[PDB]
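The structure appears right after this line, and notes come after that.
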Amino acid sequence: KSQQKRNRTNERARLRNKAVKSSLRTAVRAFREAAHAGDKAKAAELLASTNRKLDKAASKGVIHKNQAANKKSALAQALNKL
Amino acid sequence: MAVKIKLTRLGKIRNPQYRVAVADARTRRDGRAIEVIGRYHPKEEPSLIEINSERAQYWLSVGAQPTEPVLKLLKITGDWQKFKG
Amino acid sequence: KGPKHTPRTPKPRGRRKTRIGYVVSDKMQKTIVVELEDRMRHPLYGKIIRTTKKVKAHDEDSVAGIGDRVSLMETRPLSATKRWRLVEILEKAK
Amino acid sequence: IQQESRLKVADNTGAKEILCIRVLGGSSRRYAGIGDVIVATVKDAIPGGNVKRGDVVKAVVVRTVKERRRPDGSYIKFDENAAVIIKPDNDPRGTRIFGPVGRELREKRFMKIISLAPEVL
RNA sequence: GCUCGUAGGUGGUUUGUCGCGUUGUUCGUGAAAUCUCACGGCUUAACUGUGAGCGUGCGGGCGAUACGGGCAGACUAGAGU
RNA sequence: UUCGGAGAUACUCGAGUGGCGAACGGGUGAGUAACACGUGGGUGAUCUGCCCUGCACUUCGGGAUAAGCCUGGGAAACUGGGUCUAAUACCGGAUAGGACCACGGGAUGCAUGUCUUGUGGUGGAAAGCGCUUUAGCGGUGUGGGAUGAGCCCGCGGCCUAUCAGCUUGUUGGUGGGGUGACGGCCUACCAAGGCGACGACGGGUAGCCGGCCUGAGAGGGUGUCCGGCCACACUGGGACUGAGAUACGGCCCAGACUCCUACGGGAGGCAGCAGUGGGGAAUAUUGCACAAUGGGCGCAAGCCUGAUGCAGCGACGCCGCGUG
C-alpha cells in the first residue's frame with residue numbers, strides 16, 4: 001500500500017542505530033581490554049568517551065537508559081576492581 | 001493513551017441516554033469506564049443534565065481531557081468555569 | 001509557584017506473607033526445602049483437610065537443621081520460583 | 001536409462017520414486033534420452049497422494065546424468081535422473097515440478113512442462 | 001477368603017498456652033450491564049431507565065476463646081505390660 | 001499574454017521529506033490443560049510517549065540528500081547513475097547537571113531498602129513556526145501525579161492410573177552478560193539434586209469469566225449474543241522500527257495455493273463490512289450516511305471513519321393488537 005515510507009524510514013533508523021550500537025560495543029571491547037592489561041588511566045579516558053557516547057545515544061532514544069546504568073555502573077565497579 | 005471523558009450511548013434505539021464517564025481514548029464506546037459521573041439525556045428536558053459535579057474537579061486536576069459535548073455540559077453546570085476559577 | 005519541586009508522595013507499602021513450616025532438607029547449597037502445611041475445606045462437603053506443599057527457602061546462610069520450625073517469607077524470584085526466604089528459627093527439633 | 005532403473009519423480013502428484021518398465025518409441029529400444037516416455041511402476045509414494053504403490057503410469061524423462069549431446073556442440077549434465085508423470089493425451093497429471101528440465105523438448109511436443117519449469121536449464 | 005501393617009484418616013480425662021481453623025466487628029475488595037425489590041419512561045408490555053438489594057466470596061485491621069487443632073505438661077479408667 | 005501560452009504572487013495544492021497514528025478500533029475461537037482465565041495479594045533494582053501539573057532549559061554550528069532536473073534498465077514490476085534542495089530531518093560543540101555512574105556522608109528500612117548532602121566523572125537535547133503578523137503554535141531535561149501495561153505469587157475452576165517413574169539447563173550455587181526488570185532469562189565454572197500417588201511425565205477433550213438455561217435450592221448443564229480477559233491472522237520461523245507489535249490491510253525467509261509475463265521475472269492473502277463458491281438440515285443486503293456518538297492528525301476550521309449510529313430479508317425468537 002501507499003505507506004512504504006513507514007518501511008523506508010524504519011530502514012534508516014535501524015541502520016544508524018545498529019551502526020551506533022556496534023561502535024558502542026567496540027568501545028566497550030577496548031575498555032575491557034584496558035581492564036585486562038591494567039591501563040586504568042586509559043580505561044578512564046575510554047570511560048569518559050563512553051559517557052559521551054552511550055548516554056548521547058540514549059538521549060537520542062536508542063535505550064531507556066537502563067542499559068547505560070548497568071553498563072556504566074558495573075564497569076566502573078569493574079574498574080574499581082582493576 | 002490518555003484519559004478522556006466520553007458520552008456512552010446506552011439504552012433502547014430511539015430513546016437512548018448518555019452515560020457520562022472517564023475513560024481512555026483507546027477504549028471502546030462501552031468499555032470498563034474508570035468511574036461514571038452522572039448521565040445526560042438529549043430528550044425530555046432540553047439538554048437534560050444529571051451530573052455529580054464533585055469528582056470532575058479531581059479528574060480534571062489529574063489532567064483528564066473532555067470532549068466537545070462534555071465541555072458544553074460542564075459549562076452548563078458551571079463546573080468548567082467554577083473549576084477554572 | 002515554588003522554585004524547588006515536589007518533595008515526595010506518601011505511598012505505603014504492602015506485605016509479605018509468612019508461613020511457619022517444618023525444615024525438610026538443606027541439601028541444595030544456600031536454600032532449604034521446607035514443608036508448607038496448610039488447611040482447607042472441600043467446597044461442598046466442608047470437611048476440613050490439611051494441605052501439604054513444598055517451598056524453596058533460599059538463604060545466604062543456612063542456620064537450621066531438620067524438623068525445626070521456621071518462619072518463611074515471600075520475596076523476588078531467584079531461581080526456579082525461589083520466593084521463600086528464611087527469617088526466623090523457632091521451636092527447634094529434638 | 002533402461003529397465004530396472006529407479007528414479008525420482010519431479011512433480012506434485014504423490015509418487016516419490018518409479019522403476020523403468022519399458023521405453024517407448026520402437027521395438028527393442030535399449031536406452032532413453034531426454035524427452036522419451038517410460039512406462040513405470042511406483043515403489044515409494046506419498047501417503048494420500050493420487051498414485052499408490054503398484055500403479056502403472058507413463059512418465060517422461062527430463063533429466064539424464066549421462067552427458068547428452070545437444071546439436072550445437074554443448075553438453076547438458078545433471079546430477080540426477082528424474083521424470084514427470086503424464087496422462088496419455090499430453091496432459092501432465094500434476095500441477096508443477098521440482099527443479100529444472102532439459103531443453104531437448106521439441107520432439108516431446110508437450111509445450112506445457114517447459115512452461116511449468118521454474119528454470120528451463 | 002482372612003489377618004497384619006505403611007501412607008492417609010481418626011483419636012480418651014485434663015491444666016495452662018498459641019489463636020492456625022471457626023465465629024463477631026471494621027476497612028478495602030467483590031466493575032458495569034444482567035438477576036430480586038421499589039420507582040419512573042417508551043400509548044401498555046417486552047424493553048430501557050433510576051435507586052436500593054444481591055454480589056453467597058477474599059485480604060487487611062480489630063476482640064474473645066467455647067469447640068477443633070498445635071505446642072508445653074499432668075492424671076487415669078482406654079489400650080498394653 | 002500566446003488570445004491559448006506564461007508569471008506560486010498567492011488562497012489552495014498533485015507529488016514529496018518530516019511529525020502523529022497506523023500495535024487502538026473490527027473479526028474469529030483453531031490451538032492452549034493452566035503460562036492463560038477468574039479471584040485476591042506483591043511488584044523496594046517494573047516500565048509508563050501523547051494528558052494535567054511545579055521546576056529548569058528554550059544556545060552556538062556543519063554536511064549530505066530525497067523531491068525536482070538530466071538519465072539508464074525492464075513488457076511490467078521496478079531500479080541504477082548524474083544534477084539539484086530546505087527543514088521541528090541528520091550530524092558535532094553544553095551553553096541545566098534534577099538525573100546516570102563511583103566514593104563518602106546524613107535522615108530513615110528487613111520488604112532483596114527509600115529520601116537527602118558532599119566528593120570525582122559526566123551527557124542530552126529545543127526550534128523554530130506560520131499567523132489573528134504575534135492572538136497563537138510550540139520545543140528540551142526533570143519532580144510527582146494520573147492512565148495503561150508488564151513481572152511474580154496464594155487459592156479456585158475437565159476426563160483418564162488400561163499413562164507411575166519423570167528429571168542434566170534439569171536442580172542449586174558462584175561469576176558474567178543480557179533484559180524495561182528480579183530471575184539458569186542467558187552463560188563459563190562448581191555442587192547433585194528437583195518433581196511425584198495431598199496424582200509426576202504422558203494421552204484425550206476444551207478458549208476462560210461476568211453470565212445464559214434448568215432447578216425449590218443445594219447443584220447440574222452451558223458460556224452462544226452483549227460485556228471483560230486471553231490467543232490466532234494462508235502454514236511455519238525471525239527480527240526491525242517503536243512509548244507500546246504478533247501486527248488482518250508491515251517488511252524479510254521458508255512452504256503451500258492462485259495469478260501475471262516479452263517466460264526473463266514478478267505480484268497477492270476477506271477467520272474486517274457486504275458479496276461469491278464450497279460444505280451442509282440451515283443461517284441475511286455487492287443497502288444509506290457520518291447527523292449525534294466514537295477515534296486519529298491538525299491552531300482550528302476541516303479530512304477520514306463498512307466501528308458505533310440507521311435502514312432491508314426470515315413469524316428466526318420474545319412482548320403487544322386485530323381479524324367486529
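Chain labels A, B, ... are given in the sequence in which chains occur in the C-alpha cells; within each chain residues are numbered consecutively from 1, and ligands are likewise numbered from 1 in the order shown.
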Quiz prompt | Who sits within 12 Å of region 21-37 of chain A, only C-alpha atoms (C1' of nucleotides), same chain under 5 positions skipped, as a PyMOL selection string | solution = chain A and resi 14-16+42-58+62-63+67-68+71-72+74-82
Practice problem: Using only C-alpha atoms (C1' of nucleotides), find the residues of chain E whose closest atom to chain B is at most 10 Å away, then write them as a ChimeraX atom specification. | Solution: /E:31-32,41-42,47-49
Go ahead and save the picked residues with C-alpha atoms (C1' of nucleotides), as a PDB file, in the first residue's frame.
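Output contents, as saved in result-v7.pdb:
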ATOM      1  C1'   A E  31     -16.802  -3.370  37.910  1.00  0.00           C
ATOM      2  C1'   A E  32     -20.900  -2.219  34.731  1.00  0.00           C
ATOM      3  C1'   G E  41     -40.048   6.307  30.805  1.00  0.00           C
ATOM      4  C1'   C E  42     -41.309   4.411  25.678  1.00  0.00           C
ATOM      5  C1'   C E  47     -37.665  -3.333  26.658  1.00  0.00           C
ATOM      6  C1'   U E  48     -34.935   0.543  28.587  1.00  0.00           C
ATOM      7  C1'   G E  49     -34.053   3.815  32.744  1.00  0.00           C
TER       8        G E  49
END
Listing only residues of chain C within 12 Å of chain E, what is the closest atom pair and its distance in Å (to one decimal) for each, using only C-alpha atoms (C1' of nucleotides), sorted by chain and residue number ascending, as CSV?
residue,atom,partner,partner_atom,distance
C:14,CA,E:60,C1',9.8
C:15,CA,E:60,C1',9.6
C:17,CA,E:59,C1',10.8
C:19,CA,E:20,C1',10.4
C:20,CA,E:20,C1',10.3
C:21,CA,E:70,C1',12.0
C:37,CA,E:20,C1',10.4
C:38,CA,E:20,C1',8.8
C:39,CA,E:21,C1',8.1
C:40,CA,E:21,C1',8.9
C:41,CA,E:21,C1',10.0
C:47,CA,E:21,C1',11.6
C:48,CA,E:21,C1',8.5
C:49,CA,E:9,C1',9.8
C:50,CA,E:21,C1',10.7
C:69,CA,E:71,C1',11.1
C:90,CA,E:71,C1',11.5
C:91,CA,E:71,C1',8.7
C:92,CA,E:71,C1',11.6
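Minimum atom-to-atom distances from D:116, D:20, D:9, D:15 to residue 84 (chain D) were compared using only C-alpha atoms, and the lowest value belongs to D:9.
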Quiz item: At what distance in Å, to one decimal, does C1' of residue 14 (chain E) lie from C1' of residue 74 (chain E)?
Solution: 7.4 Å
Exercise. Please give the complete set of residues from chain C that DSSP, run on the backbone, assigns to strand (DSSP E or B), formatted as a PyMOL selection string.
Key: chain C and resi 18-25+31-41+48-58+69-74+84-90
With C-alpha atoms retained, could you export that selection as a PDB file, in the first residue's frame?
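out-v4.pdb written:
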ATOM      1  CA  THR C  18       4.654 -15.507  56.249  1.00  0.00           C
ATOM      2  CA  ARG C  19       4.161 -19.183  56.941  1.00  0.00           C
ATOM      3  CA  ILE C  20       5.809 -21.300  59.615  1.00  0.00           C
ATOM      4  CA  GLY C  21       6.723 -24.762  58.416  1.00  0.00           C
ATOM      5  CA  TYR C  22       8.963 -27.761  59.052  1.00  0.00           C
ATOM      6  CA  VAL C  23      12.547 -27.954  57.900  1.00  0.00           C
ATOM      7  CA  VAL C  24      12.939 -30.733  55.362  1.00  0.00           C
ATOM      8  CA  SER C  25      16.411 -30.518  53.860  1.00  0.00           C
ATOM      9  CA  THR C  31      18.467 -22.940  50.034  1.00  0.00           C
ATOM     10  CA  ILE C  32      16.399 -25.209  52.225  1.00  0.00           C
ATOM     11  CA  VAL C  33      13.432 -27.377  51.365  1.00  0.00           C
ATOM     12  CA  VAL C  34      10.553 -26.650  53.739  1.00  0.00           C
ATOM     13  CA  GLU C  35       7.215 -28.395  54.055  1.00  0.00           C
ATOM     14  CA  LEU C  36       4.385 -25.901  53.782  1.00  0.00           C
ATOM     15  CA  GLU C  37       1.498 -27.031  55.955  1.00  0.00           C
ATOM     16  CA  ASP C  38      -1.946 -25.574  55.274  1.00  0.00           C
ATOM     17  CA  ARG C  39      -5.629 -26.468  55.633  1.00  0.00           C
ATOM     18  CA  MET C  40      -8.780 -26.045  53.588  1.00  0.00           C
ATOM     19  CA  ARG C  41     -12.327 -27.299  53.369  1.00  0.00           C
ATOM     20  CA  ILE C  48     -11.514 -29.714  56.942  1.00  0.00           C
ATOM     21  CA  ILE C  49      -8.435 -31.338  55.474  1.00  0.00           C
ATOM     22  CA  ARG C  50      -4.780 -30.461  55.582  1.00  0.00           C
ATOM     23  CA  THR C  51      -2.793 -29.329  52.581  1.00  0.00           C
ATOM     24  CA  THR C  52       0.893 -30.035  52.093  1.00  0.00           C
ATOM     25  CA  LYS C  53       3.099 -28.043  49.757  1.00  0.00           C
ATOM     26  CA  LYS C  54       6.819 -27.661  49.182  1.00  0.00           C
ATOM     27  CA  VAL C  55       8.841 -24.463  49.088  1.00  0.00           C
ATOM     28  CA  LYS C  56      12.381 -23.251  48.428  1.00  0.00           C
ATOM     29  CA  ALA C  57      13.820 -21.417  51.444  1.00  0.00           C
ATOM     30  CA  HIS C  58      16.620 -19.625  49.703  1.00  0.00           C
ATOM     31  CA  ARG C  69      10.002 -24.812  62.865  1.00  0.00           C
ATOM     32  CA  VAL C  70      10.964 -21.958  60.621  1.00  0.00           C
ATOM     33  CA  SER C  71       9.271 -18.759  59.534  1.00  0.00           C
ATOM     34  CA  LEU C  72       9.352 -18.196  55.798  1.00  0.00           C
ATOM     35  CA  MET C  73       8.514 -15.137  53.743  1.00  0.00           C
ATOM     36  CA  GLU C  74       7.885 -14.241  50.120  1.00  0.00           C
ATOM     37  CA  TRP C  84      10.548 -18.172  50.130  1.00  0.00           C
ATOM     38  CA  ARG C  85      13.237 -16.881  52.463  1.00  0.00           C
ATOM     39  CA  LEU C  86      14.415 -17.942  55.880  1.00  0.00           C
ATOM     40  CA  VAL C  87      13.563 -15.362  58.527  1.00  0.00           C
ATOM     41  CA  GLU C  88      13.216 -16.902  61.989  1.00  0.00           C
ATOM     42  CA  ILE C  89      14.318 -20.017  63.816  1.00  0.00           C
ATOM     43  CA  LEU C  90      11.824 -21.252  66.350  1.00  0.00           C
TER      44      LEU C  90
END
Self-check item: Nearby residues (only C-alpha atoms (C1' of nucleotides)) at most 10 Å from region 53-60 of chain B, same-chain spacing under 5 positions excluded, as a ChimeraX atom specification
Solution: /B:3-5,22,35-38,65-66,74,77-80,82-84 /F:51-52,146
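Between CA of residue 18 (chain B) and CA of residue 40 (chain B) lies a distance of 5.0 Å.
We find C1' of residue 86 (chain F) and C1' of residue 250 (chain F) to be spaced 29.8 Å apart.
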Quiz item: Residues at most 10 Å from residue 262 (chain F), counting only C-alpha atoms (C1' of nucleotides), excluding those fewer than 3 positions away in the same chain, as an NGL selection string?
Solution: :F and (74-76)
Quiz prompt | Contact residues (chain B, partner chain F, 6 Å, only C-alpha atoms (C1' of nucleotides)) as a PyMOL selection string | solution = chain B and resi 2+26+61-63
Convert the current residue selection to file output with C-alpha atoms, as a PDB file, in the first residue's frame.
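Writing the result to result37.pdb gives the following:
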ATOM      1  CA  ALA B   2      -4.531   9.431  27.803  1.00  0.00           C
ATOM      2  CA  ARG B  26      -8.116   3.628  23.439  1.00  0.00           C
ATOM      3  CA  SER B  61      -6.822  18.116  38.140  1.00  0.00           C
ATOM      4  CA  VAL B  62      -5.209  14.860  37.118  1.00  0.00           C
ATOM      5  CA  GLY B  63      -5.491  16.061  33.535  1.00  0.00           C
TER       6      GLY B  63
END
Self-check item: Check: which chain F residues lie within 12 Å of chain D using only C-alpha atoms (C1' of nucleotides), as a PyMOL selection string
Solution: chain F and resi 256-257+261+263-265
Quiz item: Near residue 31 (chain F), counting only C-alpha atoms (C1' of nucleotides), which residues have an atom at most 9 Å away, once you skip same-chain residues fewer than 3 positions from it, shown as a ChimeraX atom specification?
Solution: /F:207,231-232
Exercise. Using only C-alpha atoms (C1' of nucleotides), find the one residue out of C:81, C:46, C:93, C:65 that sits nearest to chain F.
Key: C:81
Write out as a Markdown table the residues of chain F that have any atom within 12 Å of an atom of chain A, one row each with the nearest atom pair and its distance in Å to one decimal, counting only C-alpha atoms (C1' of nucleotides), sorted by chain and then rising number.
| residue | atom | partner | partner_atom | distance |
| --- | --- | --- | --- | --- |
| F:16 | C1' | A:5 | CA | 10.9 |
| F:17 | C1' | A:5 | CA | 10.1 |
| F:18 | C1' | A:9 | CA | 10.4 |
| F:21 | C1' | A:6 | CA | 11.5 |
| F:22 | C1' | A:3 | CA | 9.1 |
| F:45 | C1' | A:66 | CA | 10.4 |
| F:46 | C1' | A:66 | CA | 11.8 |
| F:47 | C1' | A:64 | CA | 9.5 |
| F:48 | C1' | A:64 | CA | 11.7 |
| F:49 | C1' | A:61 | CA | 11.4 |
| F:66 | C1' | A:8 | CA | 11.6 |
| F:89 | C1' | A:9 | CA | 11.0 |
| F:90 | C1' | A:16 | CA | 10.2 |
| F:91 | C1' | A:16 | CA | 11.5 |
| F:92 | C1' | A:56 | CA | 11.5 |
| F:94 | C1' | A:52 | CA | 11.7 |
| F:99 | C1' | A:65 | CA | 10.9 |
| F:100 | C1' | A:69 | CA | 6.2 |
| F:101 | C1' | A:73 | CA | 5.1 |
| F:102 | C1' | A:76 | CA | 6.5 |
| F:103 | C1' | A:80 | CA | 10.2 |
| F:120 | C1' | A:44 | CA | 11.8 |
| F:121 | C1' | A:48 | CA | 7.4 |
| F:122 | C1' | A:51 | CA | 6.3 |
| F:123 | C1' | A:52 | CA | 5.9 |
| F:124 | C1' | A:59 | CA | 5.0 |
| F:125 | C1' | A:59 | CA | 7.3 |
| F:140 | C1' | A:59 | CA | 10.7 |
| F:141 | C1' | A:59 | CA | 9.7 |
| F:176 | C1' | A:74 | CA | 10.7 |
| F:177 | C1' | A:71 | CA | 10.3 |
| F:178 | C1' | A:67 | CA | 9.5 |
| F:179 | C1' | A:67 | CA | 8.8 |
| F:180 | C1' | A:64 | CA | 7.5 |
| F:181 | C1' | A:66 | CA | 9.5 |
| F:239 | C1' | A:14 | CA | 11.2 |
| F:240 | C1' | A:14 | CA | 6.5 |
| F:241 | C1' | A:10 | CA | 4.7 |
| F:242 | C1' | A:10 | CA | 9.2 |
| F:243 | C1' | A:64 | CA | 10.1 |
| F:249 | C1' | A:1 | CA | 8.3 |
| F:250 | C1' | A:7 | CA | 7.4 |
| F:251 | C1' | A:7 | CA | 6.9 |
| F:252 | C1' | A:7 | CA | 11.8 |
Filtering to C-alpha atoms (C1' of nucleotides), could you give me those residues as a PDB file, in the first residue's frame?
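Output contents, as saved in out_11.pdb:
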ATOM      1  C1'   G F  16       7.363  14.643  -1.890  1.00  0.00           C
ATOM      2  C1'   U F  17      10.704  14.983   3.040  1.00  0.00           C
ATOM      3  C1'   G F  18       9.450  15.329   8.037  1.00  0.00           C
ATOM      4  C1'   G F  21      -1.180   7.119  14.464  1.00  0.00           C
ATOM      5  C1'   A F  22      -1.125   3.148  11.576  1.00  0.00           C
ATOM      6  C1'   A F  45      16.694  -2.562  41.398  1.00  0.00           C
ATOM      7  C1'   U F  46       8.831  -2.919  36.775  1.00  0.00           C
ATOM      8  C1'   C F  47       8.011   0.282  32.587  1.00  0.00           C
ATOM      9  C1'   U F  48       4.534   4.045  31.633  1.00  0.00           C
ATOM     10  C1'   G F  49       5.361   8.947  24.612  1.00  0.00           C
ATOM     11  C1'   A F  66      15.027  12.830  -1.299  1.00  0.00           C
ATOM     12  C1'   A F  89      15.297  15.693   9.245  1.00  0.00           C
ATOM     13  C1'   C F  90      20.624  14.008  10.148  1.00  0.00           C
ATOM     14  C1'   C F  91      25.327  15.137  12.490  1.00  0.00           C
ATOM     15  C1'   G F  92      29.037  17.656  16.124  1.00  0.00           C
ATOM     16  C1'   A F  94      26.944  22.296  26.538  1.00  0.00           C
ATOM     17  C1'   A F  99      19.040  12.828  36.855  1.00  0.00           C
ATOM     18  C1'   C F 100      23.015   8.425  35.119  1.00  0.00           C
ATOM     19  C1'   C F 101      27.891   6.324  37.372  1.00  0.00           C
ATOM     20  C1'   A F 102      31.512   5.675  41.527  1.00  0.00           C
ATOM     21  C1'   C F 103      33.403   7.130  46.588  1.00  0.00           C
ATOM     22  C1'   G F 120      35.223  12.698  41.439  1.00  0.00           C
ATOM     23  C1'   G F 121      33.464  11.714  36.385  1.00  0.00           C
ATOM     24  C1'   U F 122      29.573  13.048  33.379  1.00  0.00           C
ATOM     25  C1'   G F 123      25.837  13.997  28.809  1.00  0.00           C
ATOM     26  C1'   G F 124      21.390  15.206  26.109  1.00  0.00           C
ATOM     27  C1'   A F 125      18.653  17.970  23.534  1.00  0.00           C
ATOM     28  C1'   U F 140      14.110  20.023  25.877  1.00  0.00           C
ATOM     29  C1'   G F 141      15.695  17.520  30.683  1.00  0.00           C
ATOM     30  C1'   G F 176      29.436 -12.663  33.955  1.00  0.00           C
ATOM     31  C1'   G F 177      26.349 -10.975  30.354  1.00  0.00           C
ATOM     32  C1'   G F 178      21.583  -9.715  28.929  1.00  0.00           C
ATOM     33  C1'   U F 179      16.939  -7.824  29.857  1.00  0.00           C
ATOM     34  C1'   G F 180      12.058  -2.148  30.775  1.00  0.00           C
ATOM     35  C1'   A F 181      13.223  -5.804  35.130  1.00  0.00           C
ATOM     36  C1'   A F 239      13.596  -9.622  13.720  1.00  0.00           C
ATOM     37  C1'   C F 240      13.433  -4.174  12.983  1.00  0.00           C
ATOM     38  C1'   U F 241      11.044   0.493  13.775  1.00  0.00           C
ATOM     39  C1'   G F 242       8.776   1.899  18.025  1.00  0.00           C
ATOM     40  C1'   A F 243       6.265   4.709  24.312  1.00  0.00           C
ATOM     41  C1'   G F 249      -4.815  -4.156   5.313  1.00  0.00           C
ATOM     42  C1'   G F 250       4.031  -4.022   7.586  1.00  0.00           C
ATOM     43  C1'   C F 251       8.755  -5.932   5.807  1.00  0.00           C
ATOM     44  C1'   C F 252      12.295 -10.478   5.295  1.00  0.00           C
TER      45        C F 252
END
Exercise. Fewer than 3 positions away in the same chain doesn't count, so skip those; otherwise give me all residues within 12 Å of residue 34 (chain F), counting only C-alpha atoms (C1' of nucleotides), as a list in words.
Key: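 Using only C-alpha atoms (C1' of nucleotides), the neighbours found are residues 37, 157, 207, 208 and 230 of chain F.
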